[PDB]
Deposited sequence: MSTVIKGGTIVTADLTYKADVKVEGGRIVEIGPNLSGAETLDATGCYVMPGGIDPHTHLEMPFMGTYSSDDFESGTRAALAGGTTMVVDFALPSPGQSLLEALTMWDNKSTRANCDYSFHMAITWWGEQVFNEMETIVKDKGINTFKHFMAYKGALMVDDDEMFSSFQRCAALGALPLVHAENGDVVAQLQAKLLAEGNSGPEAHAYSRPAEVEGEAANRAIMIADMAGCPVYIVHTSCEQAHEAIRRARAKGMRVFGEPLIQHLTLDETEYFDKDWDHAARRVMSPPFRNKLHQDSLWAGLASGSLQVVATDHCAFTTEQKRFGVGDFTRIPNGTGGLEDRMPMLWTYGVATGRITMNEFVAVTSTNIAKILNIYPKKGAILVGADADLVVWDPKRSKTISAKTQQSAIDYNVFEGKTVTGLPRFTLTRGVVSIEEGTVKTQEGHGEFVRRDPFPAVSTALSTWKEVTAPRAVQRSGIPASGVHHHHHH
């Protein structure tokens, strides 16, 4: 067996000094003074569940093109950053959900760590309604992604979204929402181009924070009417956060996911004099005024935002240059898989903004519970997968594209110092990273099947029935 020895265990539940013994890809024992044939030195370190990043777009077809990190490079980057599972979005074209799922299975051959998919609902009709049942009950996928923006490509309207959320409620599945008002965005994009305001910074101008706050509020109302929880992906601003807080104060089951980029980077990047510098940071929602960061961090501390992710969608500088002269043609996305946990630890844990237990909650455990795969993932418990990071709080670096795992040529965290990095990362007990030594195993990662109807969905359905309005009896 392998024993991670001499460290302090940190989970979302508690912190305690103990050794961890791993065999057959599982945690088999946790206690003091354990001995195994192989020992990993965790003295001076924190031993935590491997990160789960539920928001990736590896080898994604988007905006005329394909992201430049694929399943192999994305999962390798994830492991180098202490992350041991990714959840990627399966993205249909009036194409079948089932056809899209087959294509995503094909893309994921070469995965270095385990992985699952969300299924995107990119249009609406009888076929989609029928196939959702198959995806949930037969394919081990209990989340459906909806886009309120990307008019003419991926967007659904209120009527379609309501139908889809009702279906998710019936199936015990969870709708995820990209919340921006697509009609307002499409018009503002056209207005800015018409005015000649066509540079990378005009991407930010085309979709101000109010557009995201409105769309989040609207998705929350539709999910409340449908009787399902709802998850707001990449919550970037106070307006979206306020909508979630206000819904949760009414007892609504609404989850929120700030990206590491939105916690630690800001819109002044778009004002840089160097065109490439500004275009490289174009993503949706855009980096925001720095004033919004404090709201997102408070949400992580108080439990109104539960999950930190990256929306990892990486494009080379050459790809970003597709948008010279027209910001709507710059492929949207920045990468972050490898930098998520290191940034969150240095700027969140070392500063006291979040405890170490909260750091585990928002980097693995909460999402594992939300996707109904805890304690297989997101746990340090006997019987859990041995997806583990041994975190050395003193191991430091300056983040640089010169030393990253990502296949692209820049890094939006370039020049940020982090102190606290993986000493080891294990994926089902396979030591894949030892300090700067990368020893990942292509094809090791396996698809993680998920069941519908977590406790939160079952309770909400019961409460809706208790409170359902009744006909008045008359003569």
Could you sort out which parts of the deposited sequence are absent from the coordinates (no C-alpha) and give them as ranges from 1?
-> 1, 95, 478-490
